[PDB]
Every structure is written in C-alpha cells, then in structure tokens.
Amino acid sequence: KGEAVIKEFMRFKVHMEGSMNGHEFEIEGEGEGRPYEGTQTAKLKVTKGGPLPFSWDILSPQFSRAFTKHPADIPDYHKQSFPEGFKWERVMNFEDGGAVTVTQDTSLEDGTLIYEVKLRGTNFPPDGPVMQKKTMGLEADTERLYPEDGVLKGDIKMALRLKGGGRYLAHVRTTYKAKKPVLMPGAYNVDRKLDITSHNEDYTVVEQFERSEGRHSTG
C-alpha cells in the first residue's frame, strides 16, 4: 500500500527504554504531524528514572522518519515501507568521548504509527555538559544520506548549544532499513531543525517540534 497508507495527517505513539552512564530510564509519548509538509510535534513524559540526570538534547533526535518533505523527484524511502514499516540503528559520538547507540522499530497499528526505541549512552564525563544539563537545544543540521544494499546510510554533523555560549559537537551515523524492498532514492540531504517548545522545570514533561526537508546535494 506504501505512500497511500501515510496520510496528510498522522499520529504516532513512542516508548523509549534507555540508560545514560548506567542510569536507567523510560519515556512514553505521543505525537502528530503533516508527513508531506515535513512538520511534526511530540509530547514526551518520563515514566521511569526521573528526573533525568542528563540533557534532554541526547533524547530529542530519537523520537520519526515518515515526516520528511521531499521534492517531486526524490522517492521517500520511509513512506514507501508501509504498512510493514522500518527500523533504524544509530551511533552518536561526542567531542568529549560520550557515545550513544540507539535502535528503533517503526510499525503501523490501526492507522497510528508505533515507535519503540532502545538507547545506551556511555563514557560521558560526569562533570561534562550532558550529565550537568548545560546544553540549550540542537542547532539546525543536515543529514547526508546515501543508498546501499536496499538501505539508507546517514551522517550528521550535530551541534548542541551550550548554556553561556558555544557549541558541543557530535557525529551521528545511522542505517535506516525498510522491512520490505522499496524504490531507492539517490544520495541526498535532509535539512532539520528540532526545537524544544515547552517543558516543566524538571523536564519530566517535554514538547518538541521538528521540520525535516529533503533536497539534492550540489556536489
């Protein structure tokens, strides 16, 4: 059924189980958006291990690949994968040695997208900006994707804003795997900006917004 199945308005539910420097936690949330316009929002709640003793900015990019706008000539790998869906596998590596491995499953149940996330973060300095909660959101960035063996492989130069000024950098590498063969794009870029739009004081309830749009590279 493919893109037919992804409607101009879609809802999702998400659950994450994670650990950061051995601190176990869980998140549950729900979201919605306009998949063809590249916009979405989510409301997340900490359901275990709260209040989190680390930056929310580690978690925010783990909460939705059906919601990227494409120009007419770039086929949408993720939208085509439905109703079966897809998985992804990510490594984030930060300038001070922090490391995060993340896996995700995306399915569709009764017209709602279902996301299950598993996260493990290690090697964060206990007095660094992530474990001291001294970051201030993700800067806009670009994911360079290329096709290989029926999967997409992405690379991001990510930047977290520091409280008081400056940037805290990471590289993000992800493989995106449809559960059935789909029409492959060529190599292309996805430009993203993800904002935390509201939160309670202890970040046990958080809302975020993301705009995502695919484009060709010029070289």
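Thresholds, definitions, all that
Residues numbered from 1 in each chain as written, not as in the entry; some residues may be left out. Heavy atoms only, no water. Helix = DSSP H or I, 4+ residues; strand = E, 2+ residues; numbered from the N terminus. Rg over C-alpha atoms; globule rule 2.2 N^0.38 Å. Buried < 20%, exposed > 50% of the residue type's maximum accessible area, 1.4 Å probe, protein only. Areas by Shrake-Rupley, 256 points an atom, 1.4 Å probe, with all protein chains shown as cover. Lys, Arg positive; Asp, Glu negative; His and termini not counted. Charge placed at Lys NZ, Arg CZ, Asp CG, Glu CD. Pairing = 2+ DSSP bridges. Polar contact = N/O pair within 3.5 Å; in protein donor to acceptor, adjacent residues only side chain to side chain. Contact = heavy atoms within 4.5 Å. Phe/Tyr/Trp six-rings, centres within 6.5 Å; stacked < 30°, edge-to-face > 60°.

Here we look at the overall build of the protein
So, step 1. Per the secondary structure count, the protein includes one helix and twelve strands.
So, step 2. Its helices and strands taken in sequence order, the protein reads β-β-β-α-β-β-β-β-β-β-β-β-β from the N to the C terminus.
So, step 3. Against the 2.2 N^0.38 benchmark of 17 Å for 219 residues, the protein shows a C-alpha radius of gyration of 17 Å, consistent with a compact globule.
So, step 4. Looking at the protein as a whole, 48% of its 219 residues qualify as buried.
So, step 5. Accessible area for the protein stands at about 10,600 Å²; split by element, carbon and sulfur atoms hold 48% of it.
So, step 6. Taking the 31 positively charged and 34 negatively charged side chains of the protein as two groups, their mean positions are separated by 1 Å.

Concerning the pairing of strand β8 (residues 141–148)
So, step 1. The sheet contact formed by β8 and strand β11 (residues 188–199) spans five bridges and is antiparallel. From the neighbouring strand, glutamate 143 faces β11, where its bridge partner is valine 190.
So, step 2. Across six bridges, the pairing between β8 and strand β9 (residues 151–162) is antiparallel. Bridged to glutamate 143 within β9 is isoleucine 156.

Description of the side chain of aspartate 57
So, step 1. Assignment of secondary structure puts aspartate 57 in the loop between β3 (39–48) and α1 (77–80).
So, step 2. There is a polar contact of 2.6 Å between the side chain of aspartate 57 and the side chain of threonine 135.
So, step 3. Those residues in contact with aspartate 57 that sit more than four places away from it in its chain are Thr135, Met136, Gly137, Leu138, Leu160 and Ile196.

Remarks on the packing of aromatic side chains
What describes a pair of aromatic rings is the distance from one ring centre to the other and the angle between the planes of the rings.
So, step 1. Applying the stated criterion across every chain, the model contains seven aromatic pairs.
So, step 2. Here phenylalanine 82 and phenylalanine 86 contribute two aromatic rings whose centre-to-centre distance is 5.8 Å and whose plane-to-plane angle is 80°, an arrangement assigned as edge-to-face.
So, step 3. Judged by its relative accessible area of 0%, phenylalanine 82 falls in the buried class.
So, step 4. By relative accessible area, which is 1% here, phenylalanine 86 ends up buried.
So, step 5. Between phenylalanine 94 and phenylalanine 124, the aromatic rings sit 5.4 Å apart at their centres with planes inclined by 55°, giving tilted as the arrangement. Remark: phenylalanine 124 occurs in the loop between β6 (112–122) and β7 (135–138) and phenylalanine 94 occurs in strand β4 (residues 86–94); sequence separation between them is 30 residues.
So, step 6. Through pairs of rings, three or more aromatic residues link up here, namely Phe12, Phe67 and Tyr115.

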